[PDB]
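Protein chains: 4
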Amino acid sequence: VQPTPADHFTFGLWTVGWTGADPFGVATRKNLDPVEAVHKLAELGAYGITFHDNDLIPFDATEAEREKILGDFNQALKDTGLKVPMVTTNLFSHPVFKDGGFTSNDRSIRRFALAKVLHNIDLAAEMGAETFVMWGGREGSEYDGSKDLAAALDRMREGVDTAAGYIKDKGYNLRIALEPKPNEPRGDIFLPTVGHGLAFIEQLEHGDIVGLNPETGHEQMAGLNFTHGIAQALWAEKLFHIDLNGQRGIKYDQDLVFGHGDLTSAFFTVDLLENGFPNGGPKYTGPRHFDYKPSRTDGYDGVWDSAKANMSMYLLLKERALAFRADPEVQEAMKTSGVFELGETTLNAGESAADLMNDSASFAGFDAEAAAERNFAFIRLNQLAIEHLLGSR
Amino acid sequence: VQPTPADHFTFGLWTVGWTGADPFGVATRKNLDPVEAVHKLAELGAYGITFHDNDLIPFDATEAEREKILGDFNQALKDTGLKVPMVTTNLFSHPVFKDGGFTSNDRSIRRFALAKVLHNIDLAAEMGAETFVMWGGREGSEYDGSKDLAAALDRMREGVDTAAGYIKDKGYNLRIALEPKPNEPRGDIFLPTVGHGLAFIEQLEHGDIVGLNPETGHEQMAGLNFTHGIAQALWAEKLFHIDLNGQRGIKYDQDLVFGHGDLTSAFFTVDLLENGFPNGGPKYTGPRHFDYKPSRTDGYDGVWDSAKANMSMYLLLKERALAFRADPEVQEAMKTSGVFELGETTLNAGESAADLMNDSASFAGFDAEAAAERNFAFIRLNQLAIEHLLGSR
Amino acid sequence: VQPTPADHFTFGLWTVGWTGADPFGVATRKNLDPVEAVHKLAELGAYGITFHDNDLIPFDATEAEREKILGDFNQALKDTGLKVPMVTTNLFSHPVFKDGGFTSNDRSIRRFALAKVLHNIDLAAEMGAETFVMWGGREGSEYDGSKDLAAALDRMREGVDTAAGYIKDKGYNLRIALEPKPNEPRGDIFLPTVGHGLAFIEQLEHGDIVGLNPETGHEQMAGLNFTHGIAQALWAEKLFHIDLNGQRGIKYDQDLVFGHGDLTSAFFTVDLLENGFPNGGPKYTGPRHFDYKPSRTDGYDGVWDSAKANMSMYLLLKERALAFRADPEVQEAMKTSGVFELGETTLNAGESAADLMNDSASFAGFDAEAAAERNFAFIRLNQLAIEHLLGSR
Amino acid sequence: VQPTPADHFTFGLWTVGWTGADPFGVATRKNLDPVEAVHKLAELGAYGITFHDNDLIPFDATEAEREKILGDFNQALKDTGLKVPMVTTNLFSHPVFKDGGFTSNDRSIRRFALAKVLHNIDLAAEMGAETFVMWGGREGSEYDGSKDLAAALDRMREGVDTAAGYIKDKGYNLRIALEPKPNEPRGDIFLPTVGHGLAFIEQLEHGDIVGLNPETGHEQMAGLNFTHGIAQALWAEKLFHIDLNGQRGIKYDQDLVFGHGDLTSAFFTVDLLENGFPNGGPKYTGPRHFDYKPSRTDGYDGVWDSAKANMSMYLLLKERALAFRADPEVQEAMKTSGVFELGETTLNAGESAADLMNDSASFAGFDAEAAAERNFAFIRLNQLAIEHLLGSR
Ligand SMILES: OC[C@H]1NC[C@H](O)[C@@H](O)[C@@H]1O
Ligand SMILES: OC[C@H]1NC[C@H](O)[C@@H](O)[C@@H]1O
Ligand SMILES: OC[C@H]1NC[C@H](O)[C@@H](O)[C@@H]1O
Ligand SMILES: OC[C@H]1NC[C@H](O)[C@@H](O)[C@@H]1O
Ligand SMILES: [Mg+2]
Ligand SMILES: [Mg+2]
Ligand SMILES: [Mg+2]
Ligand SMILES: [Mg+2]
Ligand SMILES: [Mg+2]
Ligand SMILES: [Mg+2]
Ligand SMILES: [Mg+2]
Ligand SMILES: [Mg+2]
C-alpha cells in the first residue's frame, strides 16, 4: 500500500504543523517550518498541500517578510512538484473575529473579514488552487438572543456572493467550497450540516460556483451518517472537495487519522468515492484531503507516521471496497436486497399520477400483506460487507 | 392563560389518542374515539385537528365503514367548529412499509405508497386542509450498503413531484410540507434535518409548492438549535407548518409537551414565532401544531391535562417573550450587542468588491487589535432574557 | 469460524424471537415457538439459551399451562443439550409496570414486582442458571419532580437485597447481575451506566453476590467507551455476565448484531474478553451472550443468518485479536508506548509519601521539559491494531 | 437576590481569570491579577475563592517568587475575609502531563505528578481548605490499545490512596473529591461519570476520606441527568463539593453560567441542594462553587456581570424552588403521584421474602389490570413545577 501523486492525497499545512495546544494545555511540539512540511509530504507521496493565509503568512507580517516566505514556499513547491489544490482563510484565531468574520455584529469587522478574504482569492489564484474553502467557525452564538438569525444569513450571503462575484470578475478558475460544522468553537454554528450548506447555496446570486467541503468528523458531531451526507452533496452535484479524518462520537472535534474513528463508515465512504453509486451517477474526482491532527502525545516521528497512516488507511479501505463490489456473491446479495431495483423509476414511461391511482393492481387490488413478506436480507448484505472489510473473504 | 381559536392551536389525533405502547410495552390506555377527541379539543380551545389517513380510517376498512367513520367525523367538526388544517399519510405502520414507502427497494411497494398518498390528497382536499405533510419515517437504512443513495433521492423526488404535479393538476389549494427526522424508526433517515429538507426541495420540479414541517424534538435529536433551523426555513420562506413538543437530549423521540424539554430554547422559539426577527423579515403565520404523546404513566385525566399544558406553555412563553422585547433595558442591551448593527449591509451602496479591498480603512490601515476590544455583552443580554423567562423582571 | 459449545455463545429467546414491532409499526414476522428456537440454536452451535419468565410462560397462564410449557421446553433442552445459563424477569411490558417494578411509586406494584422476581429465582434455580439478570427498564422518570431520588434507591436497594438474601437462604448457586441503561423506555433510568451500577452494589447488604451485566449498546447510548467500562467492572471483580451487540451512535437502542456497530470497539472488546490484560490480571470466563434484535426488514432466513453472524463476527475478531497480540512488531510498539511500564508501581517498595516528596530527582530536580519530549507513539500503535483488524498483517 | 457570605458561593480563580484562548484562537482579555480577583469577588458577595497551584504560582517560579506571591495573596484574603475552601492541582497544562499525571504510561512522570500533588496538599492544609479536588483530565486515551486498562486503575488507586494516607498521617482536616469527566481533553477520560467515580472510591484503602466533586456540564456531556447523579452521590454520602455551570448539549465543555444551560435541570438541582428530599434524608451543606468560563466575546464588564449572574440565577431559582415546594397544590399533586408513597418500605416490618411470596394478595390473587389504571399524574405534577419556575404561580 504505497501512495502515488496519482492518488491525489492532499494535506493541510495546519495538520502536520498542529503543535498540540488544546483548550487545557500548551504545545507539545515545536513549530513546523513550511519548507520542511513541503519536502516531507513529497517524500511520503502527497500530491499537494493546502493552507490558510496565516498558516504561512503571519497576521502581522511586513511586506518584505511576505515576499520572502512566499519565495521559500514556491521554491519548495518548485523543487518537489507538489500542487496547491485548495487555499482557505483564517477568519477565526485573531480576537477581532471573536464574533465571526462575515457575520460579526460589528460592521467594521464584517468589512475587514471580507477584505482579508478578497486578498486571499488573489493569492489562491496565484498559487494555482482550483478550490477556495470557507469554514465559518466563529459564525454563530452561545445564546439565542445574540443574533438576528435572518440578518446573520443575509450577512453570510453578502460575503459569499461578493467573493464569488469577484472570482467571476477576475476570471480566476476558482470554486468556493463551504465547510459546515455544527458547533465548536461557538456553541451553535450557522450552516451546521451538509444539508444547511446545500440549502443556503440555493439562495445565492452566484451559487453556481459555490459548493461543499464536508468533513467526516463534523457530520459525526451531530451524529449524522457521513456517507449519506456526501451522497446528497453528490446527487446535487455540489461535492467540490472533502476533508477526511476520524471521529469517535458526539464530542469535541478529535480530528483523528482517517479510519481511526468510525471504520465501517470509513469503509462505505471509500466505497462511495471509488466505486460510485451502484446504479451509476456522478463520481467524486477531487483531491482526497486529510484535515486531522497528530495526537499531542506523539513527537515528530509520530507526526510523519500519522500522515502516512492517513494514506495507508485510505489505500487499504480502497482495496477492500474494490474486492467487495467485485465479489460475485456480493452482487447477487445486492440484487436480492433490491439495490438495483431501487434504480427503476416508480412510474411506467408516460404513466400519470391519475393513471396510477386508478390502476387497480398498484392500489385497490394490491395485496399488501403478501408484498410485506419479502425478506430484504439487508443483514446478510451487511455481513458480507463486514467480511470484506476484515479481509476475511 | 386561556387559549382561543384565534390562537390557532392544532393537535394531531394520534397525539391525545396515543394509547401508550412503546418498544418495551403495551398500551396503558383504551383507544380514543375520534368523535370524543374532536369534542374534548373544542372544549379545550383547540382551533383544529389533524390526522393520518389510518388514524381515522383503518387500513382494512370496507367502503361502507369508510363512509360512516367520515360521517361521524365531519358531524363532530360541524358541530364544534374545528378546522382540519393538515392531513398526512401513514407510510410507516403496516409491515409492507418496513423498507419505506417512496424509497422502498421494492418497486411494487413504491407504487402502492404513491397511490395511497394520491388518494389521501383527494381526502386532504375534501377536508379543507391547506397543508399536506410528508414524514418519511421508514425512508433510510440500518446499514450503509442497503441502498443506492443517489437512487433513494431520485425515488424520493419522483414521489414528491408526482404528488405536487397532481395538486397543481387538480387545482387543490394544498402545499406539501416535508418533515425531517435524523433517525427512529430507521438507524439513519433520509433528509435528516431542516437543512437536508431545504436542499432537496431545490431539486424538485415542483418545489414551489413544497416546504418544511420542522419538529422541535427531531432537530434536538441531532443536537441542533431548533430556533436556528426554523430561522433558516423562514429566511428561505419554506416554513409551511411547525410541530411543537419537548425533547430532553439526544435519545429516542420523547415527544414531551411543548416546553417540557429545553425551556430556554422553547422561549426563543416562541420569541421567533411571535416577535419575528429583530430587524424584520418574514413571520410565521401557520397553525401552531402540537405533536406530542401524553406520558404512558398517566390515565385520561392526564391526557386532557397534557393537551391543556401544551397551550398554557405556549401562552406563558408568549407573555414572557412580549414583555422581554418590550423592556427598554432589553432594547438598549440589544443595541449594545450589535443586534441591530448586524442588519446593516456590509458594503456601502454601490461599493464593489474591488472598491472594498483597496479601501485602506477597511483593510490595510484597519486597526484589528483596537476593534477586538469591543465588549459584545452577550452574557448580560442572555441574563436579561432568562430574567424575563423566570418572570423576575 | 464454526462455533462450538466451548465458545460459550448464548442467545436470549427474545432476540431471535423478536417479531419486529417497533414504536412506529407492527411485527413483521410470525411468532417463534421456543421449542423451535432451542432446536434451531443448538444446531447453529450455541451453547445455551436465556429467557425472561414471560418470554416462555405467558403473564396470563394457568398452572397447568405453565407445566405443559416447561415440559416441552425441558424436553427440547434434553434433546439438544443446550443449557440455561441465565434467567431474567419481565418487569416492563405489562401496563402495571408503567412506573417501574421495584421503584414504582405505588407500594402494591412494588410488592407485586418483587414477588414476580422471587418466584422467578425459584424457576432459575430449577433451570440450572448461575446468573439471574435484573434490568430496571421502567425504573426512572421523564420529569425531575416525579420521584424522591433518595427513596427510589432505598426501594431499589430493598428489592435487590431481598432477592439476594432469598438466594442465600435457599442455597441456590446463583448471582444477581444488574444491567445498566441510561434511557429508553424512561427518559432517565436509574443506574444509567456501568459506574452507577457498580457504585450502587457497594451500598447493599448482600453485595457479595451482586455484580453487573454490561451491554454494548447501552453504554454506547451515553457515548461511553465500552472497553473502558467492562475493564472497570472486571478490575472490581463484578463482571458477572455480558450482553454483546451493536449500536451506531447515541440514539434509540438498535440491538444490531455484534460488530455491526462500532467495529474498532468490538475488536478491543473481544481482545479484553479473550486475551485479558497486557500486564496480566483478571479475566472474564462467563458466557458470551448476544442481546440483539434481527432487523425487521428481513424474514426468518435473516433471523438465522443474524444469529450465525453474531458468532462469526466474534470468531473473526478473535483470530485478528490473537494475531495482533502475538505480533512481535506489536509487542515492540507496546513496549515503546509504555503499555508495560504502566504496570510498574509508582512508588518503590517500601517508599513512603514523605520519601517521594523529599526525593529531589522526582520533583525538585526533575527535568519536566526533558520528560515532555517522549514520543509515546500511540498513533503508530493504533495503526498496527487497525492493520491487524483489516486482516492486513 | 443580593448574595451574602452565608449563601456559600465560591469561585475558582481560573474561571473569572480565563482570558479566552480556546482551541481555535488566542486570549481576548488581558490576564487578571489574583489580588484584584480577590478584591473583586469579595465585593460581589462571594464567600470564598478556589485555585489550582499554577493558577497562583507559576510552574517555573522560584521559592522567593512563590513566597512573594502568597504574601500578597494572603494579605488580600485578610483584607477581604474571603476563605479558601478548596484547592486543586494542575496535572494537565504543561506538556509533561500529555499522557496523564497519575496514570501516565511513563513511571517518572507518575512520580512527578504525585509529588506535585503531595506538595499541594501541604499548601492546601496551610490555606484552610477542607476539600482537595482531583480532576484527572489527561487520564485516559484516544485509542483503545494505548493502555492496559487494569493497570491504569491500579496506578490511579495508588496515587489517590498515597495522597489520602498522607492526609491521615499529617492530620490535615481535608477530604479528597474526584471530579469525573467523560471526555475532553482525552477522547476517553477514566472515571467518566459520577457512577464510575463512586464505584472506584469503594476499591481504595482510604475511601473513607474520598468522595466526589460532580460538575453539571460534565455529566451533561454524557447526556445524563445531573439531579439523578448528584442524588446518588448524596444517597451514598459522597457529595463533598460541587461545580455548577451550564451546558447546552452533548458537545465540548461550554462552562456557561449556571442556568444558561439546561434551565429546568438547574431548577431541580437547586431544589435538591436547597430543599433536599421530599420524604427527608441527606442534605448537602458544602459550598456552591461555580466552575464556569466568561464568554470570550465579552470584555471585563461581562466578566463581573457573569460572576454576578451565577449568584443571581441560583438565588432566583432558589425562591421559585421554595415557593414551589411550599405550594399546597403541589403538595397535593405530589401526594397523588405517589412521591410520598415511594418512601414507604415495600415489605412490612418483620415480613420475609418467603412471607411476601406466600401472600396471595401480593402476587397470586393480585389484580394487576386494576393496579394498571392508576393515573400517576406525572404530567400535571411537571406542569406545576414549570409554572412555578416561570414565576407564574
Ligand atoms: O478553514 C478551513 C479549515 N480550518 C480549520 C478548521 O478547523 C478545519 O475544519 C477547516 O478545514
Ligand atoms: O407523518 C406525520 C407524523 N407522523 C408521525 C410522526 O412520528 C410525527 O413525527 C409526524 O408528525
Ligand atoms: O431483561 C434482560 C433484557 N431485557 C430486554 C432488554 O431490552 C435488554 O437490554 C436486557 O438484556
Ligand atoms: O481541576 C479542577 C478544575 N479544573 C479545570 C477543569 O476544566 C474543571 O472541570 C475542574 O473543576
Ligand atoms: Mg475537524
Ligand atoms: Mg476541515
Ligand atoms: Mg416526534
Ligand atoms: Mg411530527
Ligand atoms: Mg439493547
Ligand atoms: Mg441486554
Ligand atoms: Mg467544565
Ligand atoms: Mg469543574
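Protein chains in written order, with the numbering used here: chain A, 1 to 393; chain B, 1001 to 1393; chain C, 2001 to 2393; chain D, 3001 to 3393.
The C-beta atom is built at its ideal place from N, Cα and C for all residues, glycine as well.
| Item | Value |
| --- | --- |
| State the start and end residues of the unbroken alpha helix (DSSP H) segment that holds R2320(C). | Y2300 to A2326 |
| Given that a residue counts as buried once 16 or more other Cβ atoms are within 10 Å of its Cβ, and exposed if not, what is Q2002(C)? | exposed |
| Taking 6 angstroms as the limit, tell me which residues put their C-beta closer than that to any heavy atom of ligand 12, in chain order. | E3179(D), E3215(D), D3243(D) and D3291(D) |
| Pull up the distance between the alpha-carbon of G1249(B) and that of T80(A), whole angstroms please. | 51 angstroms |
| Taking Cβ-Cβ distances shorter than 7 angstroms, what residues in chain D pair up with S2392(C)? | Per Cβ cutoff of 7 angstroms: no residues; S2392(C) is ~16 angstroms from chain D at best. |
| Keeping to the same chain, check which residues put their C-beta closer than 7 angstroms to that of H2241(C); ignore five residues upstream and five downstream. | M2086, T2131, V2133, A2177, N2213, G2286, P2287 and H2289 |
| Can you tell me whether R380(A) is helix, strand or coil according to DSSP? | helix |
| Within 10 angstroms of its Cβ, does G2101(C) collect 16 or more other Cβ (buried), or is it exposed? | buried |
| In this structure, what does DSSP give as the bridge partners for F3290(D)? | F3011(D) and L3244(D) |
| Mind checking whether the beta-carbon of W2018(C) lies closer than 8 angstroms to any heavy atom of ligand 10? | no |
| State the CB to CB distance for the pair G3259(D) and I1386(B), rounded to an integer number of angstroms; the pair is presumed to be in contact (CB under 8 angstroms). | 6 angstroms |
| Helix, strand or coil: how does DSSP classify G249(A) here? | coil |
| Going by DSSP, what residues sit across from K1083(B) in a beta bridge? | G1048(B) |
| With DSSP run on the structure shown, which of helix, strand or coil describes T1131(B)? | strand |
| According to DSSP, is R2175(C) helix, strand or coil? | strand |
| Could you tell me whether the Cβ of residue 3444(D) comes closer than 9 angstroms to any Cβ of chain C? | Nothing about residue 3444(D) can be reported from this structure: the residues present for chain D run from 3001 to 3393 only. |
| Counting only Cβ pairs nearer than 8 angstroms, list the residues of chain C close to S3108(D). | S2362, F2366 and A2371 |
| Using alpha carbons as the reference points, say which of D2355(C), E2341(C), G2195(C) and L2256(C) lies closest to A2309(C). | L2256(C) |
| Within 10 Å of its beta-carbon, does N54(A) have 16 or more other beta-carbons around it, so buried, or fewer, so exposed? | buried |
| Listing by chain order, which chain D residues have their CB less than 8 angstroms from the CB of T2028(C)? | Per Cβ cutoff of 8 angstroms: no residues; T2028(C) is ~28 angstroms from chain D at best. |
| Between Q3383(D) and chain B, is there a C-beta pair that is closer than 9 angstroms? | yes |
| Just by C-beta distance, which residues in the segment 3287-3310 of chain D are closer than 8 angstroms to chain A? | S3295, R3296 and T3297 |
| Closer than 8 angstroms, Cβ to Cβ, to anything on chain D: give me those residues from the segment 2237-2265 of chain C, in chain order. | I2250, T2264 and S2265 |
| Excluding sequence positions up to five away, which residues of its chain have a Cβ less than 6 angstroms from the Cβ of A1236(B)? | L1198 |
| Per DSSP, what kind of secondary structure is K2068(C) in: helix, strand or coil? | helix |
| My assumption, with CB atoms under 8 angstroms, is that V117(A) sits in contact with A61(A). Please give the rounded CB distance. | Going by Cβ atoms, the distance from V117(A) to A61(A) rounds to 17 angstroms, so no, they are not a contact pair. |
| How close, in whole Å, do the beta carbons of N1279(B) and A372(A) come, if the pair is a contact with beta carbons under 8 angstroms? | With 8 angstroms as the limit, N1279(B) and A372(A) do not qualify as a contact, their Cβ atoms being about 53 angstroms apart. |
| Any chance the CB of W2135(C) is under 8 angstroms from a heavy atom of ligand 10? | yes |
| Which chain A residues are close to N2375(C), counting only those with a beta carbon under 8 angstroms from its beta carbon? | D298, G299, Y300, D301 and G302 |
| I'd like to confirm something about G2280(C): is its beta-carbon nearer than 8 angstroms to some heavy atom of ligand 9, or not? | no |
| Chain C beta carbons: is any one of them nearer than 9 angstroms to that of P3282(D)? | yes |
| Taking the alpha carbon of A1046(B) as the reference point, which residue from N1074(B), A1307(B) and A1323(B) has its own alpha carbon closest? | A1307(B) |
| Measuring from the CB of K1283(B), is there a heavy atom of ligand 3 at a distance below 8 angstroms? | no |
| From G3187(D) to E319(A), what does the alpha carbon distance come to, in whole angstroms? | 29 angstroms |
| How big is the Cα-Cα spacing for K1251(B) and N31(A)? | 42 angstroms |
| To the nearest angstrom, report how far apart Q3254(D) and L3315(D) are at their CA atoms. | 22 angstroms |
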